[PDB]
Amino acid sequence: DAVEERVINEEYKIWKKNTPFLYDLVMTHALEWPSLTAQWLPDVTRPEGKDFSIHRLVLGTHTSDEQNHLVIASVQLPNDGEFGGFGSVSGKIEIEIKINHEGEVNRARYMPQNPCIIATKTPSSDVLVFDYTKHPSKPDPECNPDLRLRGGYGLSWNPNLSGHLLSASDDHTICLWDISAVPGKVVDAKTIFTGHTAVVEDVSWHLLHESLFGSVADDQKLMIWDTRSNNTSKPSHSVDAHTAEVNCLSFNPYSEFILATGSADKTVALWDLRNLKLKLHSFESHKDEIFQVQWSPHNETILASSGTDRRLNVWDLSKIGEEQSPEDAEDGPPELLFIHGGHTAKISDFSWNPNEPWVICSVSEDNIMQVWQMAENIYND
Amino acid sequence: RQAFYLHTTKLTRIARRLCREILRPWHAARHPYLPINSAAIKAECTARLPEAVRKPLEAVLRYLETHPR
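Residues numbered from 1 in each chain as written, not as in the entry; some residues may be left out. Chains lettered and ligands numbered in written order. Heavy atoms only, no water. Residues with missing side-chain atoms left out of burial classes, pairs and counts.

Deposited coordinates in this entry are attributed by the record to X-ray crystallography, at a stated resolution of 3.20 Å.

Below, the discussion takes up the environment of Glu82(A). Relative to the elements of secondary structure, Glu82(A) occurs in the loop between β4 (68-78) and β5 (94-101). With a relative accessible area of 46%, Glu82(A) lands in the partly exposed category. Through-space distance from the C-alpha of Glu82(A) to that of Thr122(A) is 48 Å; in sequence the pair is 40 residues apart. Those residues in contact with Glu82(A) that lie beyond four places of it in its chain are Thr9(B), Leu11(B) and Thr12(B). (Helix = DSSP H or I, 4+ residues; strand = E, 2+ residues; numbered from the N terminus. Buried < 20%, exposed > 50% of the residue type's maximum accessible area, 1.4 Å probe, protein only. Contact = heavy atoms within 4.5 Å.)

Attention shifts here to the pairing of strand β29 (residues 368-374) of chain A. Within a regular strand, the side chains alternate between the two sheet faces. Residues and elements named next belong to chain A. A large share of β29 lies buried, amounting to seven of its seven residues. Residues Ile 368, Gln 370, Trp 372 and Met 374 point to one face of β29 and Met 369, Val 371 and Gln 373 to the other, with burial holding for every one of them. Note: strand β1 (residues 23-30) against β29, seven bridges, orientation antiparallel. In the sheet register, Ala 30 faces β29, and the bridge partner there is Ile 368. (Pairing = 2+ DSSP bridges.)

All right, on to the sheet that holds strand β27 (residues 347-352) of chain A then. Spatially, β27(A)-β28(A)-β29(A)-β1(A)-β1(B) is the arrangement adopted by the five strands of the open sheet, whose pairing is antiparallel. Looking along the sheet, the strands with just one partner apiece sit at the ends: β27 of chain A together with β1 (5-7) of chain B. Each strand of the sheet is rotated relative to its neighbour by a mean of 15°, with strand direction disregarded. Examined bridge by bridge, β27(A) and strand β28 (residues 359-364) of chain A share five bridges and lie antiparallel to one another. Note that in β28(A) the partner of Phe350(A) across the bridge is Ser362(A). Across the sheet, helix α1 (residues 2-22) of chain A is in contact with β1 and β29 of chain A together with β1 of chain B; its angle to β1(A) comes to roughly 140°. (Axes fitted to C-alpha atoms, helices over the stretch in contact; angles between N-to-C directions.)

Here you go:
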């Protein structure tokens, strides 16, 4: 629509003028092709005698005609009488490594044990693994993956037990590979878990428990699995989580029992593994479907979420059931901490910075990447 | 579209805290497409120049079960 896009463009200018009062950091950068994936690598280099530090990302490309690439880009984050410190990003966000990828990168995640190893989801059933040290940083204008793993966007390395990878296959099943101690380029599945009745969307390992992993699907269910159990056709638990397709899930990093799930019914549902019958809380506010949800690495009571709507909400669940004014009721519930209106299109993915608190990188279908930190006075009082 | 940088200056940082009543960060956080009164806080900050604990996850899960759906 020609009207709607004009109304989006004006609201971007409103947001852009408000950024000194709503943020401490904003770093917009237009990519060549739009990325469906984003994740901060855990390492950080502190260069000698500078006021910034080099953090790195794991990006992809989503293209039909031109050749797709697995991207890794550096980012300069600052260290610790005029208003509005605007400048111009130049040499802050730049591409370090480009590797040729067969088909579009729907998701890409680094291996916790060896951050050099990156698995990448494809539209097909297979998952390609890459080691960016092995490949050259300058690709010629031929894909060359280190491992091909035969079998939605789901992808998850296990933090415990190196080399164990999960993913949502195309036939309503969850594959499980074991790439540690391969004798051979191609690898086949160790286990195929067949519980869900519809398309599996996302799958995630439990953080403190080697055997536990959760999954979500279009059949409106949250299935908590156990790899040790012999019966692969039925999970340990099974909840009717939402009224629509459940697109994502994420476990809390500070509690073994707590997790969240996002769905197409415009709600993020909070859960507890000790009682899957009761739903703890349903975060309502989002204006469209939820496709991603992430907990803050630093703060246990903080989580963010994004999806089909151009806004990314940040939730502070320590404010649940606080006494608001009637003016603040119009804005939303008190557990909703911050709304990020920087993007002008569907936010495909985002990721919390593991080293610098409150810094988030988000990507979207309008070709742009935004590394940003909300204002200090919002989260602190 | 139009790439840009923002590192907020330390005068603007405490200008938000000094002008908390005019800015209303709790209101402004969930209203990104409302234009904030950029003139008023700049006037009051310069005119009035001379001058948090989070509660744990055990407490909120205890609250959520105590005040259920």
